[PDB]
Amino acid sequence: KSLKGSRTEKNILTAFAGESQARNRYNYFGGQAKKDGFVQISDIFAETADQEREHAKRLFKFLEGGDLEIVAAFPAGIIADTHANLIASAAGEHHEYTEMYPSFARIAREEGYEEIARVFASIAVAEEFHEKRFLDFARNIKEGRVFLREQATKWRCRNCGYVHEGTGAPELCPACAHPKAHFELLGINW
């Protein structure tokens, strides 16, 4: 049925506004991560930004047109060091999957918008993993485990694919000569 005048319509636009701002913030944090020498983390911020773009697109497509007024609070800034940005991003994700989306979903169900409610709940699942990545990386930075581990393992250069075996990533990739910043733990998800 029509969304016109419902609370859900307002919530969808509110979510769209938040998703849109999150996309920008994450792209900026991605640039900062690159400056801080964390390439894997930089690419993660960029990918997360692209995924927020997709959450926003799904939400945007439900709307039926016209200008709508919304009242909501948003993070006024800021761009800091990568660890701080990861912590702030995780807090944003946390609010979305623990408070905002579950609430929007419940209201949607109550107003009779089952599909939309399902979408809100589904987006919340995505935000929870987004938070996991951000928290895990923040923890790695705090513990000094981004480029060094206790036991020998495999490290992959994101720039050229070189694989290094050892307790930590090398200062310079022996293949492409790029800095340690480009290394990540070798992952196999297939």
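Numbering starts at 1 and follows the sequence shown.
(request) Compare the mean C-alpha B-factor of 66-74 with that of 51-59 as given in the PDB entry, and name the stretch with the higher value. (result) Averaged over C-alpha atoms, the B-factors run higher in 66-74.
(request) Averaging only over Cα atoms, indicate whether 5-13 or 173-181 has the higher B-factor in the PDB entry. (result) Stretch with the greater average CA B-factor: 5-13.
(request) Name the one of 127, 165, 136, 143 with the greatest CA B-factor according to the PDB entry. (result) Of the options given, 165 has the highest CA B-factor in the PDB entry.
(message) Using only the C-alpha B-factors in the record, can you name which of 90, 84, 107, 119 has the highest?
(response) The C-alpha B-factor peaks, among 90, 84, 107, 119, at 107.
(message) When the deposited Cα B-factors of this chain's modelled residues are ordered and cut into thirds, is residue 41 in the lowest, the middle or the highest one?
(response) Ranked within chain, residue 41 CA B lands in the lowest tercile.
(request) Would you mind checking where the Cα B-factor of residue 154 ranks among the modelled residues of its chain, as the lowest, middle or highest third? (result) Middle third - that is where residue 154 ends up once the chain's C-alpha B-factors are sorted.
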